[PDB]
Structures are given as structure tokens and as C-alpha cells.
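Okay, structure first, notes after.
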Amino acid sequence: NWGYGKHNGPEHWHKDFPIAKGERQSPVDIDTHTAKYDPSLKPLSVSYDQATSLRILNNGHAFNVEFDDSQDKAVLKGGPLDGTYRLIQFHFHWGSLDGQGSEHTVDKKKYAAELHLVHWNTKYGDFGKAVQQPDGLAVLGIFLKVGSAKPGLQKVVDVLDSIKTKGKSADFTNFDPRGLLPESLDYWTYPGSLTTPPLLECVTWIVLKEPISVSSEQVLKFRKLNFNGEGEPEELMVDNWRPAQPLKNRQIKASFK
Ligand SMILES: [Co+2]
């Protein structure tokens, strides 16, 4: 029964999910002066040329663009990762106002939104087994700032009216996630968790330094979605972000000098 409201939001999650107060929780503030360049990081490889998107779903908390992960078709490798991680879905977190919405922050700066491309480690066979492992998942996080429109986002925006309410889905084939990436792949990395319940501590986070720009009109259309189901009182889908959590005994590494 978790969500993002006053009575069921992030400050309540620990009661059903005690790992919310764990040693490896996400998101975090990225203190750029404390993060250290790591020359042992290999080059990051984002191989999304054969990505096969299938469907888009409003799950009552965000919307997921789902991919066919039955074959190695869209994969993340390199950087801090060992082996191959397969893309299963992406989603966003965003605010009610342009001054908030991201989960990670950079020297306490909040962006308008944050894109998460979720991948699972193929050594574990499927996503469900991967989320029982400390290196099960790799999430590529990309900040969104408001400015010029992002052409590669428009197909997402324009289908949101068809998935307004919780539980609705639509066909969403032939979507190219390359068009959501910034120019540079410079990143920060650290060990963390899912940022929604069950908050499992299974993620290698790779957070790109360069944000993408999206237009005010694009993000306003995200804010017309609903957390509620059809025929229920409208609750706008906004502020579906968890705030930064304690870094504890962790180090954030940078890929760039
Ligand atoms: Co997320």
C-alpha cells in the first residue's frame, strides 16, 4: 500500500520494508568533491542497437517502458560492471515543479526529473533471481533538466494519454532508447538499492554527469498522469521520487578526471 503521499510515502516505507534504513540505500547525494576518479574503471558500453521495446504500463507509481529481455539485445557492460546486464525496462521520477523531481542529487542540486534504465545481470538467469544478489542489477540514471525539447522522448510523451491511470498499458514497439542518452557517458558509480519498495540492495548505480534537456511542455505532460485507477478521484502522478539517503560506509567513484 506504499506510495508518495503524506500518509504512505518514503518516510513510512521502513515499516513494511525495514531495509529502508539499511546500509546500502538509494538514492544519495553525489558530493562531487568527495567522489574519486577511479582509473580501474573500464570504458562503459551501452549497446542498445538491437533493443526491442514492447509495451508501456502505468503501474500506479510511474510508467515503465518494457523490453524483450529473453535474448541479449540491449545490454550494458564495462565501467564498474563484470559481465553483461540486460535491459528490462525504463521509467522516470519527476516533480510537481521544475525545481524538484530527481532522486539522486549533485552537490544537493535537484533536477526536474531522472530516467532509470534498469538492467539485470545475465549470470543469474532472470530478474527475479538477480534481485537476490548484491550485484544483480545495474541502473543507468540520467538527469533531466527543462530547456529545449528532447526529440527522442516525444513518442513517450504522446502515448501517455492512453495510459492515464493505474493498470493501463499500451503497445509500445519500435522505441529506440538511444535517443534518451546525453552526448557524454561520463558517470559516477556506487553500490545501492532499488529506490521503490522492496528497496532491495542489489544495484550498481551508474549516474551520468551530463543531463538531457526536455521541454517544459514535455514534463507538463508527465504531470497529467494519475496514480489512481480509472473512475477514482484524480491524484496527479507527481513527486514520485525518494529523497537522498545516508551514504554510510560507501564510496562514490567517478569515471572522469
Ligand atoms: Co527508478
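Identifiers in the C-alpha cells: chain A, B, ... in order shown; residue index from 1 per chain; ligand index from 1 in order shown.
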Check region 27-255 of chain A with DSSP on the backbone and list each residue it calls strand (DSSP E or B), as a ChimeraX atom specification.
/A:29-30,36-37,44-47,53-58,63-67,75-78,85-94,105-106,109,113-121,137-146,169-171,187-192,203-208,212-214,226,236,253-254
Cut-off 12 Å: closest chain A/ligand 1 atom pairs per residue, using only C-alpha atoms and all ligand atoms, as JSON lines:
```
{"residue": "A:26", "atom": "CA", "partner": "ligand 1", "partner_atom_place_in_ligand_line": "1 (Co)", "distance": 9.6}
{"residue": "A:27", "atom": "CA", "partner": "ligand 1", "partner_atom_place_in_ligand_line": "1 (Co)", "distance": 9.2}
{"residue": "A:61", "atom": "CA", "partner": "ligand 1", "partner_atom_place_in_ligand_line": "1 (Co)", "distance": 10.1}
{"residue": "A:62", "atom": "CA", "partner": "ligand 1", "partner_atom_place_in_ligand_line": "1 (Co)", "distance": 8.7}
{"residue": "A:63", "atom": "CA", "partner": "ligand 1", "partner_atom_place_in_ligand_line": "1 (Co)", "distance": 10.2}
{"residue": "A:64", "atom": "CA", "partner": "ligand 1", "partner_atom_place_in_ligand_line": "1 (Co)", "distance": 9.7}
{"residue": "A:89", "atom": "CA", "partner": "ligand 1", "partner_atom_place_in_ligand_line": "1 (Co)", "distance": 10.1}
{"residue": "A:90", "atom": "CA", "partner": "ligand 1", "partner_atom_place_in_ligand_line": "1 (Co)", "distance": 8.0}
{"residue": "A:91", "atom": "CA", "partner": "ligand 1", "partner_atom_place_in_ligand_line": "1 (Co)", "distance": 6.2}
{"residue": "A:92", "atom": "CA", "partner": "ligand 1", "partner_atom_place_in_ligand_line": "1 (Co)", "distance": 6.2}
{"residue": "A:93", "atom": "CA", "partner": "ligand 1", "partner_atom_place_in_ligand_line": "1 (Co)", "distance": 6.3}
{"residue": "A:94", "atom": "CA", "partner": "ligand 1", "partner_atom_place_in_ligand_line": "1 (Co)", "distance": 10.1}
{"residue": "A:101", "atom": "CA", "partner": "ligand 1", "partner_atom_place_in_ligand_line": "1 (Co)", "distance": 11.3}
{"residue": "A:102", "atom": "CA", "partner": "ligand 1", "partner_atom_place_in_ligand_line": "1 (Co)", "distance": 9.5}
{"residue": "A:103", "atom": "CA", "partner": "ligand 1", "partner_atom_place_in_ligand_line": "1 (Co)", "distance": 7.9}
{"residue": "A:104", "atom": "CA", "partner": "ligand 1", "partner_atom_place_in_ligand_line": "1 (Co)", "distance": 10.0}
{"residue": "A:113", "atom": "CA", "partner": "ligand 1", "partner_atom_place_in_ligand_line": "1 (Co)", "distance": 10.4}
{"residue": "A:114", "atom": "CA", "partner": "ligand 1", "partner_atom_place_in_ligand_line": "1 (Co)", "distance": 7.7}
{"residue": "A:115", "atom": "CA", "partner": "ligand 1", "partner_atom_place_in_ligand_line": "1 (Co)", "distance": 7.0}
{"residue": "A:116", "atom": "CA", "partner": "ligand 1", "partner_atom_place_in_ligand_line": "1 (Co)", "distance": 5.0}
{"residue": "A:117", "atom": "CA", "partner": "ligand 1", "partner_atom_place_in_ligand_line": "1 (Co)", "distance": 8.0}
{"residue": "A:118", "atom": "CA", "partner": "ligand 1", "partner_atom_place_in_ligand_line": "1 (Co)", "distance": 8.0}
{"residue": "A:119", "atom": "CA", "partner": "ligand 1", "partner_atom_place_in_ligand_line": "1 (Co)", "distance": 11.6}
{"residue": "A:138", "atom": "CA", "partner": "ligand 1", "partner_atom_place_in_ligand_line": "1 (Co)", "distance": 11.5}
{"residue": "A:139", "atom": "CA", "partner": "ligand 1", "partner_atom_place_in_ligand_line": "1 (Co)", "distance": 8.3}
{"residue": "A:140", "atom": "CA", "partner": "ligand 1", "partner_atom_place_in_ligand_line": "1 (Co)", "distance": 9.5}
{"residue": "A:141", "atom": "CA", "partner": "ligand 1", "partner_atom_place_in_ligand_line": "1 (Co)", "distance": 8.1}
{"residue": "A:142", "atom": "CA", "partner": "ligand 1", "partner_atom_place_in_ligand_line": "1 (Co)", "distance": 10.4}
{"residue": "A:143", "atom": "CA", "partner": "ligand 1", "partner_atom_place_in_ligand_line": "1 (Co)", "distance": 11.5}
{"residue": "A:192", "atom": "CA", "partner": "ligand 1", "partner_atom_place_in_ligand_line": "1 (Co)", "distance": 12.0}
{"residue": "A:193", "atom": "CA", "partner": "ligand 1", "partner_atom_place_in_ligand_line": "1 (Co)", "distance": 9.9}
{"residue": "A:194", "atom": "CA", "partner": "ligand 1", "partner_atom_place_in_ligand_line": "1 (Co)", "distance": 7.1}
{"residue": "A:195", "atom": "CA", "partner": "ligand 1", "partner_atom_place_in_ligand_line": "1 (Co)", "distance": 5.8}
{"residue": "A:196", "atom": "CA", "partner": "ligand 1", "partner_atom_place_in_ligand_line": "1 (Co)", "distance": 7.1}
{"residue": "A:197", "atom": "CA", "partner": "ligand 1", "partner_atom_place_in_ligand_line": "1 (Co)", "distance": 10.6}
{"residue": "A:199", "atom": "CA", "partner": "ligand 1", "partner_atom_place_in_ligand_line": "1 (Co)", "distance": 10.6}
{"residue": "A:203", "atom": "CA", "partner": "ligand 1", "partner_atom_place_in_ligand_line": "1 (Co)", "distance": 11.1}
{"residue": "A:205", "atom": "CA", "partner": "ligand 1", "partner_atom_place_in_ligand_line": "1 (Co)", "distance": 10.7}
{"residue": "A:207", "atom": "CA", "partner": "ligand 1", "partner_atom_place_in_ligand_line": "1 (Co)", "distance": 11.7}
{"residue": "A:240", "atom": "CA", "partner": "ligand 1", "partner_atom_place_in_ligand_line": "1 (Co)", "distance": 9.1}
{"residue": "A:241", "atom": "CA", "partner": "ligand 1", "partner_atom_place_in_ligand_line": "1 (Co)", "distance": 8.0}
{"residue": "A:242", "atom": "CA", "partner": "ligand 1", "partner_atom_place_in_ligand_line": "1 (Co)", "distance": 9.0}
{"residue": "A:243", "atom": "CA", "partner": "ligand 1", "partner_atom_place_in_ligand_line": "1 (Co)", "distance": 11.8}
```
Contact table region 98-209 of chain A vs region 218-234 of chain A, cut-off 7 Å, shortest pair per residue, only C-alpha atoms, as a tab-separated table:
```
residue	atom	partner	partner_atom	distance
A:157	CA	A:218	CA	6.4
A:164	CA	A:225	CA	5.0
A:165	CA	A:229	CA	4.8
A:166	CA	A:229	CA	4.5
A:167	CA	A:229	CA	6.9
```
If we count only C-alpha atoms and set the cut-off at 9 Å, which residues sit around residue 106 (chain A), ignoring sequence neighbours fewer than 2 positions away in its own chain? Please answer as a list in words.
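Selected residues are residues 28, 29, 30, 31, 32, 104, 108, 109, 110, 111 and 209 of chain A.
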Quick one: which region 119-225 of chain A residues come within 12 Å of region 83-87 of chain A, and what is the nearest atom pair for each with the distance in Å to one decimal, counting only C-alpha atoms, rows ordered by chain and ascending number, as JSON lines?
```
{"residue": "A:119", "atom": "CA", "partner": "A:87", "partner_atom": "CA", "distance": 4.2}
{"residue": "A:120", "atom": "CA", "partner": "A:85", "partner_atom": "CA", "distance": 4.9}
{"residue": "A:121", "atom": "CA", "partner": "A:85", "partner_atom": "CA", "distance": 4.3}
{"residue": "A:122", "atom": "CA", "partner": "A:85", "partner_atom": "CA", "distance": 5.7}
{"residue": "A:123", "atom": "CA", "partner": "A:83", "partner_atom": "CA", "distance": 7.8}
{"residue": "A:124", "atom": "CA", "partner": "A:85", "partner_atom": "CA", "distance": 10.0}
{"residue": "A:125", "atom": "CA", "partner": "A:86", "partner_atom": "CA", "distance": 10.3}
{"residue": "A:126", "atom": "CA", "partner": "A:86", "partner_atom": "CA", "distance": 9.4}
{"residue": "A:127", "atom": "CA", "partner": "A:86", "partner_atom": "CA", "distance": 9.3}
{"residue": "A:130", "atom": "CA", "partner": "A:85", "partner_atom": "CA", "distance": 10.2}
{"residue": "A:135", "atom": "CA", "partner": "A:85", "partner_atom": "CA", "distance": 10.1}
{"residue": "A:136", "atom": "CA", "partner": "A:85", "partner_atom": "CA", "distance": 8.6}
{"residue": "A:137", "atom": "CA", "partner": "A:85", "partner_atom": "CA", "distance": 7.3}
{"residue": "A:138", "atom": "CA", "partner": "A:85", "partner_atom": "CA", "distance": 6.8}
{"residue": "A:139", "atom": "CA", "partner": "A:87", "partner_atom": "CA", "distance": 9.1}
{"residue": "A:140", "atom": "CA", "partner": "A:87", "partner_atom": "CA", "distance": 9.9}
{"residue": "A:177", "atom": "CA", "partner": "A:87", "partner_atom": "CA", "distance": 10.2}
{"residue": "A:203", "atom": "CA", "partner": "A:85", "partner_atom": "CA", "distance": 11.3}
{"residue": "A:204", "atom": "CA", "partner": "A:85", "partner_atom": "CA", "distance": 10.7}
```
With distances taken over only C-alpha atoms, which residue among A:211, A:3, A:53, A:34 lies nearest residue 107 (chain A)?
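Looking only at the distances to residue 107 (chain A), the closest residue turns out to be A:34.
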Nearest-residue call for residue 95 (chain A), choices A:76, A:146, A:112, A:212, using only C-alpha atoms
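Nearest candidate to residue 95 (chain A) out of A:76, A:146, A:112, A:212: A:112.
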DSSP on the backbone: what in region 5-238 of chain A comes out helix (DSSP H, G or I), as a PyMOL selection string?
chain A and resi 13-16+18-21+122-124+127-130+151-163+177-180+216-222
If we count only C-alpha atoms, what is near residue 147 (chain A) at a cut-off of 10 Å, once residues fewer than 2 positions away on the same chain are taken out, given as a list in words?
residues 144, 145, 149, 150, 212, 213, 214, 215, 216 and 217 of chain A
Write out, as a PDB file, in the first residue's frame, the residues just selected, with C-alpha atoms.
```
ATOM      1  CA  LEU A 144      16.507  15.720 -16.977  1.00  0.00           C
ATOM      2  CA  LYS A 145      16.606  19.492 -16.949  1.00  0.00           C
ATOM      3  CA  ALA A 149      12.736  19.603 -26.194  1.00  0.00           C
ATOM      4  CA  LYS A 150      14.148  16.121 -26.473  1.00  0.00           C
ATOM      5  CA  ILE A 212      19.434  15.651 -21.023  1.00  0.00           C
ATOM      6  CA  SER A 213      17.238  18.632 -21.796  1.00  0.00           C
ATOM      7  CA  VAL A 214      13.482  18.193 -22.140  1.00  0.00           C
ATOM      8  CA  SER A 215      10.926  20.911 -22.698  1.00  0.00           C
ATOM      9  CA  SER A 216       8.554  22.359 -20.163  1.00  0.00           C
ATOM     10  CA  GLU A 217       5.692  21.020 -22.280  1.00  0.00           C
TER      11      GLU A 217
END
```
Can you list every residue of region 131-246 of chain A that has an atom at most 9 Å from region 36-51 of chain A, with its nearest atom pair and the distance in Å to one decimal, using only C-alpha atoms, ordered by chain then number, as JSON lines?
```
{"residue": "A:174", "atom": "CA", "partner": "A:51", "partner_atom": "CA", "distance": 8.4}
{"residue": "A:175", "atom": "CA", "partner": "A:51", "partner_atom": "CA", "distance": 8.2}
{"residue": "A:176", "atom": "CA", "partner": "A:51", "partner_atom": "CA", "distance": 6.9}
{"residue": "A:177", "atom": "CA", "partner": "A:48", "partner_atom": "CA", "distance": 6.9}
{"residue": "A:178", "atom": "CA", "partner": "A:48", "partner_atom": "CA", "distance": 6.4}
{"residue": "A:185", "atom": "CA", "partner": "A:44", "partner_atom": "CA", "distance": 7.4}
{"residue": "A:186", "atom": "CA", "partner": "A:44", "partner_atom": "CA", "distance": 8.7}
{"residue": "A:188", "atom": "CA", "partner": "A:37", "partner_atom": "CA", "distance": 8.9}
```
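When only C-alpha atoms are used to compute distances to residue 73 (chain A), the closest of the residues A:20, A:88, A:133, A:59 turns out to be A:88.
Atom to atom, CA of residue 129 (chain A) and CA of residue 202 (chain A) stand 10.6 Å apart.
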Set the distance at 12 Å and use only C-alpha atoms: which residues neighbour residue 1 (chain A) once local chain neighbours fewer than 6 positions away are removed? I'd like the list as an MDAnalysis selection string.
chainID A and resid 7:10 12:13 15:17 60:61 197:198
